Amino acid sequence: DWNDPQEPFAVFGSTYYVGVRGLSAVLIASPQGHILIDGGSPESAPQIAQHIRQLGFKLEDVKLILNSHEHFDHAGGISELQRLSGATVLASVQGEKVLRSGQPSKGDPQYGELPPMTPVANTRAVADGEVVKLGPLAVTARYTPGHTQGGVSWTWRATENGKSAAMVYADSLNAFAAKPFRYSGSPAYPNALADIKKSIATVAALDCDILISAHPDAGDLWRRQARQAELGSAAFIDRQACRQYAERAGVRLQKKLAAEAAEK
């Protein structure tokens, strides 16, 4: 279902959606080369490539591929997209380790139920708050771990027709765990609860004109895009979108902690 067809579209300025129906990917284009956020799953990668080409861009102009988090459904397509492009792949320090090996971390909240990925070469770790620069593009890494040990949300500004928008590619904030992992306390990933609560607050506080979340439905992307026909790019603007997304994650976390008590 996630990999179902989805036509690509301009979001704001040189920023495009190029993902699939249930898994985001975002192209940030420029005459000096492009930045691609995420690769979906292995099945998504050829669709993302076709979406990039369909819009009139070339894969070999993609210089950098950024990862939200190091799971099969968002990083699994990265190896193939890197093969098509020659791009360097960027991630947090923790995320980079999984991307390079393809092997789920033993501290992953979902460790045990995660498939391996094809190892990714030409990676580079980014620090929290590090700005990724490419010509007129400047994309900031905001560490938002908790869903994974290495999750990263990405922020940048896009411009068109004299207007500008604070763009937010939000990582998943969902407290989801494979047995026997517990957010209430697990020595494999001892800071998981503190991390996810801090990441929820981080995303809630972001300068957030246009939100695109790793699962697009979870940040209401299709509800907003459904108004593009009437409103143009303003359909995507909603300065409460990141706070609403973070509040929903906070509710899911409380439900997860309650479910964990019933297993204690």
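So that there is no doubt, residue numbering starts at 1 and follows the sequence shown.
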Next item on the list: State which stretch shows the higher mean Cα B factor in the entry: 216 to 224 or 33 to 41.
Entry: 216 to 224
Item checked: Average Cα temperature factor in the PDB entry - higher stretch of 160 to 168, 84 to 92 -> 160 to 168
Margin query: Among the choices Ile210, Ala205, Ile48, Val62, identify the one whose CA B-factor in the record is greatest.
Written below: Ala205
Item checked: B-factor third for the C-alpha atom of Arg53 within its chain -> middle
Checklist line | Position of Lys179 among the chain's modelled residues by C-alpha B-factor, lowest, middle or highest third | finding: highest
Item checked: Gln244, C-alpha B-factor rank within chain (lowest, middle or highest third) -> middle
Margin query: Which third, lowest, middle or highest, does the C-alpha temperature factor of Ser153 belong to within its own chain?
Written below: lowest
Checklist line | Chain-relative CA temperature factor third for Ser186 | finding: highest
